[PDB]
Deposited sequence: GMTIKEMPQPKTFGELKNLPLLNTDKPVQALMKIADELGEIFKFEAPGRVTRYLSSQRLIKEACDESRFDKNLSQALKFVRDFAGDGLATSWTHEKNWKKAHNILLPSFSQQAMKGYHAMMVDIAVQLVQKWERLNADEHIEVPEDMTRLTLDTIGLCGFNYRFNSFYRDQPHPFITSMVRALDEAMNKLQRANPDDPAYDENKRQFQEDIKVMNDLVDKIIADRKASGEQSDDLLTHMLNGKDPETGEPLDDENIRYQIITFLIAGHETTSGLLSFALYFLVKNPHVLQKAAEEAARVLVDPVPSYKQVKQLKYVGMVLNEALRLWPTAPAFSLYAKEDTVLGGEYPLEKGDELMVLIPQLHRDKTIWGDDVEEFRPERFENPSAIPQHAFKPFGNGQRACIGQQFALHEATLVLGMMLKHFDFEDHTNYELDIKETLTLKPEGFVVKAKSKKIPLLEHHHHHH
């Protein structure tokens, strides 16, 4: 009945607890101490962090709870606009873009994106093939190069050419700097005036380039296999309307934001867990060699990388790279028979804690065992939520998993990996999670492309 709450700071309540550089991991430690639910109070804000499958399965009841914009999402909305990720379910542009974009994110739609994904994946393989001896790989850096270029090419036929660069494309510099400002706002004022002005400059950089590419595509009339063509030609079946040019811009910015570093973190965490578990790596490398019998992987071959898919799912279990989402109660309701909630009350789903619920996974929750996902019906309802819930779930799930399965499979086919530094896991936190400083050496198997 009475809900636990972590330590307070007078008038600031729990807010100073977020003024730390690893807030998700700090919230996980609080969940370890306080349990499946604790109240988090701040000036003008009350929310509740859920950590158990028992309560989260009720929170995922769409008749009782809808997606809420967290403070992070509200700050991201300042440059993601009413794109899919930062719009409310009741906003006209959400259901519109949802209906329009759903067919182009289907498993069937990945057949059309596969050739472009392979283009970038080959560039990653060739970079590592061309490294000199005793040089090493900066894993999250290269994974981010790959995912950024993949979404640029599949999103609107634009080549960031990240593998030709030390300093990222100017759009990426502004996007990354905007996301950093969004998170820093969470942890904060006269001194922040230059940050605020800088925020507007980065917003202008993103809008200008995306608007230009849309105008360029409209001026050309060319049809590509990218999401931009689908949005310029698609019509919402419900209202009969197409997305306007401003919303198309926000959707493109959204795909870059929501997709690039979540997916690059997944690949980085997956490789980290593989090199720390050599038996799992060997099993995944065995499948990659048996399945990828051609110089270039096909769409059908990527679907055959079953164990690689389980590896990615287990990496998402331990460290989901979009580590939380927010919900609000549509009406007065009681959560788990003992926590009354009023209409509008907010919830936070702490995904990494959910995925460590020993009542679901057993005692070995910290062990990396892809075999947990061998049979998907053995997993209880709402126990595994790395991509959100319901109609507000990740629209790019199939995109992210297809790219990550293709790239990891190619990595495992072409290289053996060495954890040459005995890397100590250090998780840097932005709005997403990544293993900072993770490095490996790759010895080529000398298999041609």
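Task: Missing C-alpha runs, given along the deposited sequence, first residue counted as 1 - done: Unmodelled stretches: 1-4, 193-196, 458-465.
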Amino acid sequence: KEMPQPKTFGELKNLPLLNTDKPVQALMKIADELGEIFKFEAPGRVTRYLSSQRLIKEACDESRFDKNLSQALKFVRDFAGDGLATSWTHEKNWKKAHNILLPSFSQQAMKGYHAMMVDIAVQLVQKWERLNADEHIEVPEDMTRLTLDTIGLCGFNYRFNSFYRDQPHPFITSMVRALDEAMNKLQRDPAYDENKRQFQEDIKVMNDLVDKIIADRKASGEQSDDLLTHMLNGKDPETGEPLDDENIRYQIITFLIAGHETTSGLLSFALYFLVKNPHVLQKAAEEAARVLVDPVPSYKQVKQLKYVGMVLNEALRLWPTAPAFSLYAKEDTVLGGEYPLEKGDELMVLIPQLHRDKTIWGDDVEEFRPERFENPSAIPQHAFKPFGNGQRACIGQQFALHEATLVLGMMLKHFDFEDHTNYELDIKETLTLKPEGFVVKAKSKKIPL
From here on, numbers count along this sequence of modelled residues.
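If you superpose the two forms and keep the largest set of C-alpha atoms that fall within 1.5 Å, you have the rigid core.
TODO: Name the stretch, 256-264 or 173-181, whose C-alpha atoms sit farther from the shown form on average in 7 other deposited structures of this protein, taking the rigid core as the superposition reference.
DONE: This comes out as 173-181, the stretch further from the shown form in 7 other deposited structures of this protein.
Task: Rigid core superposition result in 7 other deposited structures of this protein, more deviant of 298-306, 195-203 by Cα - done: With the rigid core superposed, the C-alphas that lie farther in 7 other deposited structures of this protein are those of 195-203.
Open item on the list: On mean Cα temperature factor in this entry, is 201-209 or 256-264 the higher one?
Closed with: For C-alpha atoms only, the mean B-factor is higher in 201-209.
- [ ] Please work out which of 162-170 and 318-326 has the higher mean CA B-factor as recorded in the PDB entry.
- [x] That would be 162-170.
Open item on the list: Highest recorded C-alpha temperature factor, please, choosing from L350, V296, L84, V302.
Closed with: So the option with the highest C-alpha B-factor is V296.
Task: Out of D357, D189, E367, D149, highest CA B-factor residue - done: Among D357, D189, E367, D149, the highest C-alpha B-factor in the entry belongs to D189.
Task: Chain third (lowest, middle, highest) by recorded CA B-factor, residue given as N14 - done: Its C-alpha B-factor, which the entry lists for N14, ranks in the middle third among residues of this chain.
Open item on the list: Using the temperature factors of the C-alpha atoms in this entry, rank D66 within its chain: lowest, middle or highest third.
Closed with: Middle third by C-alpha B-factor.
Task: Third of the chain, ranked by Cα B-factor, where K92 sits - done: Its C-alpha B-factor, which the entry lists for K92, ranks in the lowest third among residues of this chain.
TODO: Taking the chain's C-alpha temperature factors as the reference, tell me which third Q282 falls into: lowest, middle or highest.
DONE: Its C-alpha B-factor, which the entry lists for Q282, ranks in the middle third among residues of this chain.
TODO: Please rank the C-alpha B-factors of the chain's modelled residues and tell me whether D345 sits in the lowest, middle or highest third.
DONE: Middle third, going by the recorded CA B-factors of the chain.
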